[PDB]
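Next up is one chain by itself, shown in structure tokens, the form deposited in one PDB entry.
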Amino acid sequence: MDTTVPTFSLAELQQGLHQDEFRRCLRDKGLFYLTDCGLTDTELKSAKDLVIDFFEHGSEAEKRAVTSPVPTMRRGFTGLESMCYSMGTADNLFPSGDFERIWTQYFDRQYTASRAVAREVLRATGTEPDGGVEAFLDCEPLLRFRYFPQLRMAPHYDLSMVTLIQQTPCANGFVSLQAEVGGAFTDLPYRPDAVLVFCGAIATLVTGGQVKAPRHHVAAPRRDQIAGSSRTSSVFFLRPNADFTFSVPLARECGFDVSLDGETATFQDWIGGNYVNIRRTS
């Protein structure tokens, strides 16, 4: 097996091209870069610029006005243990009308791209979710933008259907994001022309095991890269609704160690009453 992280054009997949190769990617790797999906670098930079300005120059009062009273990183600003800004389809917290305009447009484009790629994952695998495709994809997305100051993130897999990641690079050129591919950790660099897609465990679940959910991590630099090692990432989790329903025996056939009585269950039955975005194997 080639252990290259492939690139697919969303437009081409939508036209029914590369289906064998897309299926094989999904099963053997569960990650790919995605071009031609409406996500430009120029827009990335307009949303990045305005949030970095807020992180840098927003006063404590401005920051407090867009901070939830529980520090869950669901909505608004989180001073972290890094700085984060989160949003979804509603209940958002925005610093200014300008920020709101730029981030609503950016979110919507990320949501559209994620739905579209998930629709292709389902089609390529012959999967019709219980309740139909479009109700499955009208869901509970979460977008988190994180600034990291000059492992940085422990290995895990995502529990999303898909996760779309747009990064900014380290000024020093260090590549921080890595995933398991072919039994080896492989670099996932920034590309101005593409978004990185990770498949998550709900893809594996809904397709009956036809999609891998790869583990990944964020590495820290060694000696030379203290200097020039800040980076940012825009992480869009496409997450199912609480009432997404699946087959319990089918889940057990593809590695889910469920403790569910009966023949069908929901996402809420499986994960509980709070969303869990990631899981460690360890």
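By rigid core we mean the largest C-alpha set that fits within 1.5 Å across both forms. Position 1 is the first residue in the sequence shown; the rest follow in order.
Omitted here: the form deposited in another entry. The next part is about that form.
Asker: With a threshold of 2 Å on the C-alpha, tell me if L250 counts as moved between the shown form and the other one once the core is superposed.
Answerer: Where the cores coincide, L250 still shows a C-alpha shift between the shown form and the other one that is 2 Å or more.
Asker: After fitting the rigid core, is the C-alpha of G228 off by 2 Å or more between the shown form and the other one?
Answerer: No, the C-alpha position differs by under 2 Å between the shown form and the other one.
Asker: Once the core is aligned, does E263 move its Cα by at least 2 Å between the shown form and the other one?
Answerer: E263: C-alpha displaced by 2 Å or more between the shown form and the other one.
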